[PDB]
Amino acid sequence: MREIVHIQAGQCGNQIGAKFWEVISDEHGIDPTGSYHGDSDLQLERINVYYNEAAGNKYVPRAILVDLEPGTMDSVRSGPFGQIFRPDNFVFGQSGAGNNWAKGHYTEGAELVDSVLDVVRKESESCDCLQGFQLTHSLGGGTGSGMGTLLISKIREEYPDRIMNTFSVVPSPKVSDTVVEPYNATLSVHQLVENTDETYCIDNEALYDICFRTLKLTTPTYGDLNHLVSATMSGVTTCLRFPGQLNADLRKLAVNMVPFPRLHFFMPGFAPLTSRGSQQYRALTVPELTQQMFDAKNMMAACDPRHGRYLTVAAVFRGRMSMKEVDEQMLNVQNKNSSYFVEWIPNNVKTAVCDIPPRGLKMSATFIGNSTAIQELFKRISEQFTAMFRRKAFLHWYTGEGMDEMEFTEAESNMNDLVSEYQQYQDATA
Amino acid sequence: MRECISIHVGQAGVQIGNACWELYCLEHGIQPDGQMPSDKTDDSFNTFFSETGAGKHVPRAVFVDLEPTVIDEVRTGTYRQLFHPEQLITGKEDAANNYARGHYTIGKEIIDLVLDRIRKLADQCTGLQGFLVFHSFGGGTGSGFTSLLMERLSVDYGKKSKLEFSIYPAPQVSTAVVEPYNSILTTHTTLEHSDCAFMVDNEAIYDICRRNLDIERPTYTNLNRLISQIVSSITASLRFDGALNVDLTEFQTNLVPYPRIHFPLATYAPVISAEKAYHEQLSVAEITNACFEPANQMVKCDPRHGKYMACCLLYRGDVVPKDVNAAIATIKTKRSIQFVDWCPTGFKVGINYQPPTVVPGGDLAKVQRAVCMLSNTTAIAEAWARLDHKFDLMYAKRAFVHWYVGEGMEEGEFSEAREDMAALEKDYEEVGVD
Ligand SMILES: Nc1nc2c(ncn2[C@@H]2O[C@H](COP(=O)(O)CP(=O)(O)OP(=O)(O)O)[C@@H](O)[C@H]2O)c(=O)[nH]1
Ligand SMILES: Nc1nc2c(ncn2[C@@H]2O[C@H](COP(=O)(O)OP(=O)(O)OP(=O)(O)O)[C@@H](O)[C@H]2O)c(=O)[nH]1
């Protein structure tokens with residue numbers, strides 16, 4: 001439980017993870033070559049959790065990039081921090097499933113699982129103690145979702161003793177109107193719920209609508225969505241990147257947050273909302289950000305926590321926080337809205353402090369809460385699957401690989417049972 | 001002669017151990033290297049400290065933990081040479097706020113080294129007396145590893161007394177929401193092995209530091225300094241040549257009248273912050289009256305509902321027996337204190353003429369005289385009622401039970417733990433009626 005290894009898959013996942021590591025190096029004072037260039041010693045206090053010490057005090061990401069389309073390779077070396085990742089971690093295919101889960105999970109999956117398992121073992125026995133595994137991938141994309149699901153299955157059957165976090169990207173019709181999105185999304189979320197411990201549902205629908213309504217981005221490209229996902233996924237990982245008494249490890253995250261094995265998807269929250277093109281935002285006060293968490297726009301799930309009820313919530317504060325005022329404010333917020341907090345889980349509201357603020361701003365706070373409110377996200381995925389499935393269309397691509405529709409039926413059944421679990425846990429009371 | 005060994009399980013245990021050992025070496029004129037500055041030639045401190053040929057006095061304590069952060073923080077801290085490397089134990093796998101992981105999955109591969117260290121420490125201890133345990137209820141390690149170690153030590157030694165200074169979790173300084181499970185499970189497991197345990201409610205101590213010390217936020221450091229002061233006040237009679245010497249066996253005899261009721265409530269006075277340029281010294285009667293309000297104990301409970309099975313006083317400072325007896329007589333006039341008819345009289349006298357030192361840099365202020373009130377009352381029944389009410393609300397929906405299930409143990413263990421706590425509460429209300 002000492003070192004985290006990052007697993008990267010899919011063009012969306014590859015881009016978001018690459019520029020996320022860019023941001024992490026920027027806020028840890030790591031140059032584009034790998035040498036430390038910060039000022040405070042807090043940056044290097046637990047730098048080994050993500051980076052690996054190299055020759056000449058160089059630091060190298062423990063990120064393994066996989067993608068069948070080689071365009072992401074040029075894209076990842078095109079931007080900054082392109083050369084920090086070692087070439088052996090750039091194990092890429094050639095074919096490209098192209099929005100087909102089965103094509104990227106059966107045909108070319110076997111040709112890549114061997115190499116990726118070999119390399120991940122290389123750093124696993126090259127690391128003092130493995131915290132677990134984290135995955136950044138897109139559920140809609142056939143290549144990325146298939147490769148990520150195969151990696152999840154192989155690592156789960158190979159490392160059952162280690163936690164497996166996943167930063168899944170839920171497809172949205174607005175960002176991309178691919179027809180086969182619901183099928184791959186449902187199969188991938190089934191594979192997730194079978195073999196994951198923490199899952200952050202980074203749905204692009206919420207990203208697009210909050211970019212349009214708040215950041216005034218008429219056509220938010222991949223850059224803006226990647227900016228928001230990097231911000232939120234750095235905010236959540238502040239727990240693992242800096243010393244703190246709350247959420248030290250992935251196992252501590254699982255113990256504190258998820259009460260049930262089949263209920264482990266997460267709602268990523270973080271305030272304020274800063275765009276790439278704007279940097280002169282004022283310093284928001286603690287009350288503003290504490291009451292900013294309830295807003296659905298500030299929530300990075302296409303959701304509404306008013307509909308659901310909070311099971312467990314984790315909050316970390318970054319800046320020159322008045323810590324006593326922080327505790328009083330969070331206690332008052334919990335008291336004022338006790339209806340949405342499960343009364344059968346006492347003291348489920350937790351707060352944390354981080355001295356180092358994200359670069360660019362000073363006032364920030366993340367809201368990683370586990371609530372049943374994503375029940376409506378699963379409603380939307382279910383209605384998409386049914387509306388694209390009640391005519392029994394588009395199944396011929398999948399049946400061409402030899403697999404039948406029985407997997408689709410069982411995945412839908414398990415997802416519906418998961419929705420029923422959400423409803424039952426929401427309606428439960430003392 | 002009557003040597004004792006202190007065990008510090010978990011992060012909370014090792015930190016409170018560091019603080020208390022710092023205070024001990026300050027009080028007994030023990031400079032950090034371990035040598036005696038013009039003081040080698042009282043022999044009471046030899047029970048807690050082992051003297052080598054070189055003249056340094058390494059404490060007879062062990063530091064065990066399943067994460068390597070606090071352990072090598074102590075190693076790299078101000079006391080590199082104070083503790084030898086063998087009584088420092090690390091681990092690459094932590095329980096991570098899980099009693100099951102710290103008891104079955106991860107505890108088993110470290111308890112062997114722990115027993116080896118304990119045996120090595122006790123080898124030079126001729127008159128072995130008892131074991132001191134410091135840990136946390138809320139923490140997964142401080143519960144599971146503590147329980148497993150207690151079972152192993154009961155298997156090995158047995159009749160030797162065992163004392164626990166266990167951290168009682170509080171929401172203000174809580175780290176995990178699954179803490180009631182761990183606390184209930186560990187106190188159920190160690191109930192038949194802990195001859196006497198001292199419950200320290202972190203909410204009460206948090207409030208004490210907030211109000212008495214006038215601190216905006218009681219951090220972990222101030223809390224640890226205060227609790228180390230409390231533990232030192234409790235164990236000074238064992239570490240000093242007091243007139244009415246009380247040892248661990250006498251602790252069991254006095255503060256534990258019933259074998260299943262072994263949670264004495266401590267109350268030490270006074271607590272004056274370092275500022276104000278004056279401590280405003282309180283008289284013996286004043287400090288005696290200051291140890292009875294419901295805002296000074298170590299556990300947030302009302303003693304009025306409780307009944308005194310046994311109460312003891314330990315004056316430690318510039319006190320005279322005449323004023324001590326006068327204060328005791330004045331206190332006895334109060335009807336707010338009542339003793340069970342089975343007990344003859346819940347009162348005891350402990351006098352330590354040595355002045356009580358204060359750790360340098362601490363927010364506490366030097367006081368000429370002080371006293372800690374140790375009583376076994378059914379006021380702790382309210383705290384236990386809060387704890388098992390949280391447990392009952394927590395277990396009604398099988399929340400987080402699967403984490404415990406995955407580590408071997410099942411819901412059955414929760415069942416006998418809950419019924420054992422229920423039986424403990426009926427024991428409280430049985431002894432609470434005369
Ligand atoms: N939030 C983001 N969503 C993205 C991004 N790129 C794509 N997507 C969304 O993910 C979906 C596309 O899935 P992918 O890009 O992962 C296709 P995949 O990588 O699996 O195969 P290839 O790209 O052909 O190599 C679609 O809904 C897109 O709108 C991105 O940079 N950010
Ligand atoms: N009084 C006091 N309590 C503490 C201290 N440190 C931790 N605690 C309590 O201990 C609880 C958590 O246990 P941990 O400190 O994590 O100890 P642990 O059981 O070894 O768990 P890990 O350190 O994660 O392995 C917290 O909820 C605190 O209330 C301390 O220094 N003083």
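What is reported rests on the model, the rules as stated and the sources as named; these are not laboratory values. Neighbour counts are summed over all protein chains in view; Cβ atoms, including those assigned to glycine, are modelled from backbone coordinates with ideal geometry.
Figures for the structure shown
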| quantity | calculated |
| --- | --- |
| Any hit, region A:86-106, residues being touching a strand residue (DSSP E or B) at 6+ places or on another chain (Cβ under 9 Å), closer than 25 Å to A:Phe20 by Cα, within 16 Å of ligand 2 (Cβ to nearest atom) and outside any helix (DSSP H, G or I) | no |
| Scope region B:56-109; condition facing chain A (nearest Cβ under 10 Å), surrounded by fewer than 21 Cβ atoms within 10 Å (Cβ to Cβ) and not charged (D, E, K, R); matching residues | B:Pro68, B:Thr69, B:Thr105 |
| Complete set of residues in region A:388-420 that are outside any helix (DSSP H, G or I) and either small (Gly, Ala, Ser) or assigned by CATH to the domain that holds A:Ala185 (or both) | A:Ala393, A:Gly400, A:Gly402 |
| Hits in region A:224-235 - residues which are in contact with a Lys or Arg (Cβ under 7 Å, 6 or more places away or on another chain) and near ligand 1 (Cβ under 8 Å from one of its atoms) | A:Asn226 |
| Residue among A:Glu69, A:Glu53 that is over 20 Å from the mean Cα position of the chain (by Cα) and either closer than 22 Å to A:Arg162 by Cβ or away from ligand 1 (no atom under 16 Å from the Cβ) (or both) | A:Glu53 |
| Helices (runs of 4 or more DSSP H) contained in region A:170-273 and holding at least 3 residues within 16 Å of ligand 2 (Cβ to nearest atom) | A:250-257 |
| Top-ranked residue of region B:366-410 - restricted to ones that are basic (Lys, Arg) and either part of a loop (DSSP other than H, G, I, E, B) or in the same structural domain as B:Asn202 (by CATH) (or both), ranked as surrounded by the most Cβ atoms within 10 Å (Cβ to Cβ) | B:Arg369 |
| Region A:1-50 - residue that is among the hydroxyl-bearing types (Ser, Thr, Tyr) and either within 14 Å of chain B (Cβ to nearest Cβ) or part of a loop (DSSP other than H, G, I, E, B) (or both) and, of those, surrounded by the fewest Cβ atoms within 10 Å (Cβ to Cβ) | A:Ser40 |
| Within region B:1-98, strands (runs of 3 or more DSSP E) holding 2 or more residues that are assigned by CATH to the domain that holds B:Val200, within 16 Å of ligand 2 (Cβ to nearest atom) and more than 23 Å from B:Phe131 (Cβ to Cβ) | none |
| Residues (farther than 30 Å from B:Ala423 by Cβ and not in a loop (DSSP other than H, G, I, E, B)) located in region B:254-286 | B:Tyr268, B:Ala269, B:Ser273, B:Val284, B:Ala285, B:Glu286 |
| Region A:421-430, residues that are part of a helix (DSSP H, G or I) and either over 28 Å from the mean Cα position of the chain (by Cα) or farther than 16 Å from A:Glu194 by Cβ (or both) | A:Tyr422, A:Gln423, A:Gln424, A:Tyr425, A:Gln426, A:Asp427 |
| Flag for B:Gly346 being at positive phi and buried (at least 18 other Cβ atoms within 10 Å of the Cβ) | no |
| Residue match in region B:186-193 (condition: assigned by CATH to the domain that holds B:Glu67, under 23 Å from B:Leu265 (Cα atoms), near ligand 2 (Cβ under 8 Å from one of its atoms) and under 18 Å from the mean Cα position of the chain (by Cα)) | no |
| Search result, residues across region B:287-327 that are surrounded by fewer than 14 Cβ atoms within 10 Å (Cβ to Cβ) and in a helix (DSSP H, G or I) | B:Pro321, B:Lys322, B:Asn325 |
| Among residues of region A:122-149, those that are assigned to a loop (DSSP other than H, G, I, E, B) and either surrounded by fewer than 24 Cβ atoms within 10 Å (Cβ to Cβ) or within 14 Å of chain B (Cβ to nearest Cβ) (or both), counted | 5 |
| Region A:325-362, residues that are within 14 Å of chain B (Cβ to nearest Cβ), under 26 Å from the mean Cα position of the chain (by Cα) and not in a helix (DSSP H, G or I) | A:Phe341, A:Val342, A:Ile345, A:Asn347, A:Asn348, A:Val349, A:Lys350, A:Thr351, A:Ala352, A:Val353, A:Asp355 |
| Residue among B:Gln31, B:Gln11 that alone is away from ligand 1 (no atom under 16 Å from the Cβ), more than 19 Å from the chain's Cα centre (by Cα) and at negative phi | B:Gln31 |
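Residues are listed down the side, and each one gets a yes or a no for (1) away from chain A (no Cβ under 14 Å); (2) touching a strand residue (DSSP E or B) at 6+ places or on another chain (Cβ under 6 Å); (3) not hydrophobic (A, V, I, L, M, F, W, C):
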residue: B:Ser136; (1), (2), (3): no, yes, yes
residue: B:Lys159; (1), (2), (3): yes, no, yes
residue: B:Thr175; (1), (2), (3): no, no, yes
residue: B:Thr186; (1), (2), (3): yes, no, yes
